[PDB]
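Enquirer: Sharing a structure, written as structure tokens. Questions coming.
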Amino acid sequence: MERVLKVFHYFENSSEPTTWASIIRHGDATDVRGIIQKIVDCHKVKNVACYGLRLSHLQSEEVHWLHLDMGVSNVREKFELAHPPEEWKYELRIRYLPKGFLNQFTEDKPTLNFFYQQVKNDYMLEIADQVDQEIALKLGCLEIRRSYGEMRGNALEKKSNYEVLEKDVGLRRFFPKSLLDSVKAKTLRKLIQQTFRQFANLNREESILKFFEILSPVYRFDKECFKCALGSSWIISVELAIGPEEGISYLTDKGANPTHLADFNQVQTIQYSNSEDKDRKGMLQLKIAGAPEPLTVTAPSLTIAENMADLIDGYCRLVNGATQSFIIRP
């Protein structure tokens, strides 16, 4: 008949951030696009094409982005052979960013907030413990500012208000533990009071935008990179960068900008297979309007190639007005 699927997401709700999720039924005709659409529609999203679905095994670090055309029941059955349902996590995420994405999301608050929460969640989890103290302070203060959006500008100068954050809410919701564990409760207070002061005047949008401005120099959230190789006979190792500003590009130096290969609007088709020989690499091949030869990518695994295929295809849908896939199947 049908089955129920928990899908975590970053649409804010008056509860624990970990517990932001939607429980949706799915039949045996339902596809991934269906799920996404269903969920984003509830929250009045305008930029529907920006969103994708990422499957994670809770034990291992492996990550699989589910393709929009794929059936839910088909894909769920495949992964449930490997490991039981409780070990998988399905979470909705923004993966396919438009050019000027921040400025655009400004006209779509649910999405701007979703992106903010997704990225802030990734920050806290990956690098907050090893970013500068000044940065970890600022980014936390900005969340206070946004989160307590009605609060006065000097309200944290009043001990008792800071105390609510210390004791009732917990400073763990805003700052990394490394920051909290060094510095004394009384010196941290004076640092937070003082840091918050420079963002006291900001509204919720200004807060969210300032967050990104401060985060982007020290943490990448505007593209994905893959170490793989280009060429169909002479293979060359590179680190591809795929994102809005650069389209498909490759990295060279630390500090130097990506070198451009091709924009998404030129990509005509996408196909991927596992290494076309005796190996376990993943081949990914693109037909591109303008170039004579197609762009043959060799990734370290089929999983990475599958994931690269989703990324590019997702962007192709976005950049054109498309709902058809640009991935050639059988």
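Each chain of the structure tokens is named A, B, ... in the order shown, its residues numbered from 1; ligands are numbered from 1 in display order.
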Tell me, counting only C-alpha atoms, for each residue of stretch 12-101 of chain A within 9 Å of stretch 115-130 of chain A, which pair of atoms is nearest and how far apart they are in Å to one decimal, in rows ordered by chain and increasing number, as JSON lines.

Expert:
```
{"residue": "A:12", "atom": "CA", "partner": "A:117", "partner_atom": "CA", "distance": 7.9}
{"residue": "A:17", "atom": "CA", "partner": "A:117", "partner_atom": "CA", "distance": 8.9}
{"residue": "A:93", "atom": "CA", "partner": "A:118", "partner_atom": "CA", "distance": 7.1}
{"residue": "A:94", "atom": "CA", "partner": "A:115", "partner_atom": "CA", "distance": 6.5}
```

Enquirer: Using N, CA and C atoms, can you write the selected residues to a file as a PDB file, in the first residue's frame?

Expert:
```pdb
ATOM      1  N   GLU A  12      12.355  26.270  10.369  1.00  0.00           N
ATOM      2  CA  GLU A  12      12.269  26.503  11.811  1.00  0.00           C
ATOM      3  C   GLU A  12      10.881  26.201  12.381  1.00  0.00           C
ATOM      4  N   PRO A  17      15.986  22.168  17.490  1.00  0.00           N
ATOM      5  CA  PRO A  17      16.454  22.147  16.088  1.00  0.00           C
ATOM      6  C   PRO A  17      16.694  20.757  15.494  1.00  0.00           C
ATOM      7  N   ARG A  93      17.493  19.389   1.885  1.00  0.00           N
ATOM      8  CA  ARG A  93      18.560  20.389   1.942  1.00  0.00           C
ATOM      9  C   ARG A  93      18.534  21.255   0.710  1.00  0.00           C
ATOM     10  N   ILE A  94      19.061  22.464   0.822  1.00  0.00           N
ATOM     11  CA  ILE A  94      19.266  23.310  -0.345  1.00  0.00           C
ATOM     12  C   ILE A  94      20.598  22.955  -0.961  1.00  0.00           C
TER      13      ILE A  94
END
```

Enquirer: Near stretch 71-83 of chain A, counting only C-alpha atoms, which residues have an atom at most 9 Å away, once you skip same-chain residues fewer than 6 positions from it, shown as a PyMOL selection string?

Expert: chain A and resi 2-3+26-35+57

Enquirer: Would you save the residues from that selection as a PDB file, in the first residue's frame, using N, CA, C and O atoms?

Expert:
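Final output, again20.pdb:
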```pdb
ATOM      1  N   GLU A   2       1.377   1.636   1.172  1.00  0.00           N
ATOM      2  CA  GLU A   2       2.305   2.772   1.284  1.00  0.00           C
ATOM      3  C   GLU A   2       3.121   2.716   2.581  1.00  0.00           C
ATOM      4  O   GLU A   2       2.797   1.957   3.500  1.00  0.00           O
ATOM      5  N   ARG A   3       4.169   3.529   2.643  1.00  0.00           N
ATOM      6  CA  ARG A   3       5.070   3.540   3.784  1.00  0.00           C
ATOM      7  C   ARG A   3       5.345   4.961   4.221  1.00  0.00           C
ATOM      8  O   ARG A   3       5.206   5.896   3.440  1.00  0.00           O
ATOM      9  N   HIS A  26       4.355   7.656   1.553  1.00  0.00           N
ATOM     10  CA  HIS A  26       4.743   7.541   0.144  1.00  0.00           C
ATOM     11  C   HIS A  26       4.364   6.194  -0.458  1.00  0.00           C
ATOM     12  O   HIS A  26       4.639   5.129   0.091  1.00  0.00           O
ATOM     13  N   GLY A  27       3.715   6.260  -1.606  1.00  0.00           N
ATOM     14  CA  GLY A  27       3.311   5.070  -2.301  1.00  0.00           C
ATOM     15  C   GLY A  27       4.450   4.586  -3.149  1.00  0.00           C
ATOM     16  O   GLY A  27       5.562   5.114  -3.107  1.00  0.00           O
ATOM     17  N   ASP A  28       4.142   3.584  -3.952  1.00  0.00           N
ATOM     18  CA  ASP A  28       5.126   2.955  -4.802  1.00  0.00           C
ATOM     19  C   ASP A  28       5.239   3.644  -6.168  1.00  0.00           C
ATOM     20  O   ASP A  28       5.974   3.195  -7.030  1.00  0.00           O
ATOM     21  N   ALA A  29       4.524   4.743  -6.360  1.00  0.00           N
ATOM     22  CA  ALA A  29       4.682   5.557  -7.556  1.00  0.00           C
ATOM     23  C   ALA A  29       5.378   6.871  -7.258  1.00  0.00           C
ATOM     24  O   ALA A  29       5.748   7.586  -8.181  1.00  0.00           O
ATOM     25  N   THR A  30       5.567   7.182  -5.974  1.00  0.00           N
ATOM     26  CA  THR A  30       6.146   8.456  -5.543  1.00  0.00           C
ATOM     27  C   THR A  30       7.627   8.546  -5.861  1.00  0.00           C
ATOM     28  O   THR A  30       8.368   7.596  -5.631  1.00  0.00           O
ATOM     29  N   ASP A  31       8.048   9.702  -6.366  1.00  0.00           N
ATOM     30  CA  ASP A  31       9.462   9.979  -6.623  1.00  0.00           C
ATOM     31  C   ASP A  31      10.001  11.028  -5.650  1.00  0.00           C
ATOM     32  O   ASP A  31       9.271  11.589  -4.831  1.00  0.00           O
ATOM     33  N   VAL A  32      11.302  11.255  -5.732  1.00  0.00           N
ATOM     34  CA  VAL A  32      11.985  12.122  -4.808  1.00  0.00           C
ATOM     35  C   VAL A  32      11.477  13.540  -4.965  1.00  0.00           C
ATOM     36  O   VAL A  32      11.317  14.236  -3.971  1.00  0.00           O
ATOM     37  N   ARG A  33      11.222  13.968  -6.204  1.00  0.00           N
ATOM     38  CA  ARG A  33      10.704  15.311  -6.467  1.00  0.00           C
ATOM     39  C   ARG A  33       9.380  15.485  -5.734  1.00  0.00           C
ATOM     40  O   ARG A  33       9.135  16.529  -5.132  1.00  0.00           O
ATOM     41  N   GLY A  34       8.541  14.452  -5.779  1.00  0.00           N
ATOM     42  CA  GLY A  34       7.277  14.439  -5.051  1.00  0.00           C
ATOM     43  C   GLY A  34       7.451  14.798  -3.592  1.00  0.00           C
ATOM     44  O   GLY A  34       6.882  15.771  -3.124  1.00  0.00           O
ATOM     45  N   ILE A  35       8.263  14.024  -2.887  1.00  0.00           N
ATOM     46  CA  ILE A  35       8.550  14.269  -1.471  1.00  0.00           C
ATOM     47  C   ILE A  35       8.927  15.730  -1.233  1.00  0.00           C
ATOM     48  O   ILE A  35       8.332  16.417  -0.394  1.00  0.00           O
ATOM     49  N   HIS A  57      24.011   7.539   6.022  1.00  0.00           N
ATOM     50  CA  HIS A  57      24.083   6.480   7.009  1.00  0.00           C
ATOM     51  C   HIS A  57      24.576   7.117   8.293  1.00  0.00           C
ATOM     52  O   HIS A  57      25.555   7.850   8.279  1.00  0.00           O
TER      53      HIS A  57
END
```

Enquirer: When DSSP works through the backbone of this structure, what residues of stretch 141-281 of chain A end up as strand (DSSP E or B), shown as a PyMOL selection string?

Expert: chain A and resi 224-230+236-243+247-250+259-262+267-274

Enquirer: Counting only C-alpha atoms, figure out which residue out of A:162, A:64, A:11, A:141 gets nearest to residue A:301.

Expert: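 When distances to residue A:301 are compared using only C-alpha atoms, the smallest one comes from A:64.
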
Enquirer: If you run DSSP on the backbone, which residues of stretch 189-298 of chain A are alpha helix (DSSP H), as a PyMOL selection string?

Expert: chain A and resi 189-197+204-215

Enquirer: Between A:67, A:46, A:9, A:172, which has the minimum distance to residue A:92 (counting only C-alpha atoms)?

Expert: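 Of all the options, A:9 lies closest to residue A:92.
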
Enquirer: Just give me the gap between atom CA of residue A:197 and atom CA of residue A:178 in Å, one decimal is fine.

Expert: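 About the pair atom CA of residue A:197 and atom CA of residue A:178: they are 22.5 Å apart.
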
Enquirer: Which residues are near residue A:250? Cut-off 6 Å, only C-alpha atoms, ignore same chain within fewer than 6 positions. Put them as a list in words.

Expert: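 Contacts, with the query itself left out: residues 239, 240, 241, 258 and 259 of chain A.
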
Enquirer: Could you list, as an MDAnalysis selection string, every residue within 8 Å of stretch 308-311 of chain A, counting only C-alpha atoms and ignoring same-chain residues fewer than 4 positions away?

Expert: chainID A and resid 65:67 95:96 242 270:272 284 304 315 327

Enquirer: Any chance you can output those residues with N, CA, C and O atoms as a PDB file, in the first residue's frame?

Expert:
```pdb
ATOM      1  N   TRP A  65      22.998  11.552  -2.457  1.00  0.00           N
ATOM      2  CA  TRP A  65      21.927  12.461  -2.829  1.00  0.00           C
ATOM      3  C   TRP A  65      20.998  11.706  -3.735  1.00  0.00           C
ATOM      4  O   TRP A  65      21.445  11.167  -4.741  1.00  0.00           O
ATOM      5  N   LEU A  66      19.713  11.683  -3.394  1.00  0.00           N
ATOM      6  CA  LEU A  66      18.728  10.941  -4.161  1.00  0.00           C
ATOM      7  C   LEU A  66      18.244  11.788  -5.326  1.00  0.00           C
ATOM      8  O   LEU A  66      17.881  12.958  -5.148  1.00  0.00           O
ATOM      9  N   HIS A  67      18.263  11.201  -6.519  1.00  0.00           N
ATOM     10  CA  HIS A  67      17.937  11.933  -7.734  1.00  0.00           C
ATOM     11  C   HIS A  67      16.443  12.171  -7.827  1.00  0.00           C
ATOM     12  O   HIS A  67      15.663  11.318  -7.427  1.00  0.00           O
ATOM     13  N   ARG A  95      20.586  22.447  -2.191  1.00  0.00           N
ATOM     14  CA  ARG A  95      21.837  22.090  -2.873  1.00  0.00           C
ATOM     15  C   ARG A  95      22.129  22.918  -4.114  1.00  0.00           C
ATOM     16  O   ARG A  95      23.284  23.158  -4.423  1.00  0.00           O
ATOM     17  N   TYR A  96      21.096  23.348  -4.824  1.00  0.00           N
ATOM     18  CA  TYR A  96      21.285  23.981  -6.133  1.00  0.00           C
ATOM     19  C   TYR A  96      20.994  25.482  -6.048  1.00  0.00           C
ATOM     20  O   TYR A  96      19.840  25.913  -6.086  1.00  0.00           O
ATOM     21  N   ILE A 242      31.928  23.050  -8.344  1.00  0.00           N
ATOM     22  CA  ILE A 242      30.637  23.169  -8.983  1.00  0.00           C
ATOM     23  C   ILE A 242      29.766  24.030  -8.093  1.00  0.00           C
ATOM     24  O   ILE A 242      29.505  23.677  -6.946  1.00  0.00           O
ATOM     25  N   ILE A 270      23.764  14.253 -19.351  1.00  0.00           N
ATOM     26  CA  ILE A 270      24.570  13.740 -18.246  1.00  0.00           C
ATOM     27  C   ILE A 270      24.430  12.223 -18.215  1.00  0.00           C
ATOM     28  O   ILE A 270      23.322  11.706 -18.209  1.00  0.00           O
ATOM     29  N   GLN A 271      25.540  11.503 -18.186  1.00  0.00           N
ATOM     30  CA  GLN A 271      25.472  10.048 -18.027  1.00  0.00           C
ATOM     31  C   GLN A 271      26.603   9.597 -17.120  1.00  0.00           C
ATOM     32  O   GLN A 271      27.680  10.196 -17.125  1.00  0.00           O
ATOM     33  N   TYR A 272      26.339   8.578 -16.307  1.00  0.00           N
ATOM     34  CA  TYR A 272      27.349   8.027 -15.418  1.00  0.00           C
ATOM     35  C   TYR A 272      27.238   6.537 -15.387  1.00  0.00           C
ATOM     36  O   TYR A 272      26.142   6.004 -15.348  1.00  0.00           O
ATOM     37  N   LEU A 284      31.802   9.724 -15.293  1.00  0.00           N
ATOM     38  CA  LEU A 284      30.725  10.683 -15.485  1.00  0.00           C
ATOM     39  C   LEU A 284      31.029  11.452 -16.772  1.00  0.00           C
ATOM     40  O   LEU A 284      32.118  11.988 -16.933  1.00  0.00           O
ATOM     41  N   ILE A 304      30.385   8.744  -5.603  1.00  0.00           N
ATOM     42  CA  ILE A 304      30.748  10.126  -5.860  1.00  0.00           C
ATOM     43  C   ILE A 304      30.243  10.585  -7.238  1.00  0.00           C
ATOM     44  O   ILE A 304      29.688  11.670  -7.364  1.00  0.00           O
ATOM     45  N   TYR A 315      21.322  21.569 -11.029  1.00  0.00           N
ATOM     46  CA  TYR A 315      21.635  22.908 -11.537  1.00  0.00           C
ATOM     47  C   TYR A 315      21.127  23.136 -12.949  1.00  0.00           C
ATOM     48  O   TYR A 315      20.720  24.225 -13.277  1.00  0.00           O
ATOM     49  N   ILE A 327      19.794  13.638 -17.199  1.00  0.00           N
ATOM     50  CA  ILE A 327      20.599  12.430 -17.091  1.00  0.00           C
ATOM     51  C   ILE A 327      20.058  11.366 -18.026  1.00  0.00           C
ATOM     52  O   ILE A 327      18.918  10.947 -17.880  1.00  0.00           O
TER      53      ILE A 327
END
```

Enquirer: Write out as a list in words each polymer residue whose atoms come within 8 Å of residue A:21, counting only C-alpha atoms; drop sequence neighbours fewer than 5 positions from it.

Expert: residues 6, 7, 8, 9 and 10 of chain A

Enquirer: Output N, CA, C and O atoms for every residue in the selection just made, as a tab-separated table (two decimals), in the first residue's frame.

Expert:
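Result file is out-v1.tsv:
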```tsv
chain	number	residue	atom	x	y	z
A	6	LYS	N	10.45	9.59	7.51
A	6	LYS	CA	10.82	10.77	8.27
A	6	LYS	C	11.83	11.51	7.44
A	6	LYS	O	12.79	10.90	6.95
A	7	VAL	N	11.61	12.80	7.26
A	7	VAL	CA	12.54	13.63	6.51
A	7	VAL	C	12.89	14.87	7.29
A	7	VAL	O	12.04	15.76	7.48
A	8	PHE	N	14.14	14.97	7.71
A	8	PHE	CA	14.56	16.10	8.50
A	8	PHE	C	14.71	17.32	7.59
A	8	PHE	O	14.87	17.18	6.38
A	9	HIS	N	14.62	18.51	8.17
A	9	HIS	CA	14.73	19.74	7.40
A	9	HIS	C	15.05	20.93	8.30
A	9	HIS	O	15.15	20.78	9.52
A	10	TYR	N	15.18	22.10	7.68
A	10	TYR	CA	15.62	23.33	8.36
A	10	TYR	C	14.58	24.46	8.33
A	10	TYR	O	14.90	25.63	8.60
```

Enquirer: Could you check how far atom CA of residue A:201 sits from atom CA of residue A:158, in Å to one decimal?

Expert: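 According to the coordinates, atom CA of residue A:201 and atom CA of residue A:158 are separated by 17.0 Å.
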
Enquirer: If we count only C-alpha atoms and set the cut-off at 9 Å, which residues sit around residue A:189, ignoring sequence neighbours fewer than 3 positions away in its own chain? Please answer as a list in words.

Expert: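 Final neighbour list, sorted by chain and number: residues 156, 159, 162, 166, 184, 185, 186, 192, 193 and 194 of chain A.
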
Enquirer: Given the choices A:47, A:187, A:252, A:302, which gets closest to residue A:114 if the distance is worked out from only C-alpha atoms?

Expert: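 Of the candidates, the smallest distance to residue A:114 is held by A:47.
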
Enquirer: Taking into account only C-alpha atoms, which residue in the set A:217, A:231, A:314, A:321 is nearest to residue A:53?

Expert: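 Of A:217, A:231, A:314, A:321, the one nearest residue A:53, counting only C-alpha atoms, is A:314.
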
Enquirer: Could you tell me how far atom CA of residue A:226 lies from atom CA of residue A:269, in Å and to one decimal?

Expert: 19.7 Å

Enquirer: Pick the closest to residue A:58 from A:36, A:85, A:174, A:140: which is it, counting only C-alpha atoms?

Expert: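 That would be A:85, the residue with the smallest distance to residue A:58.
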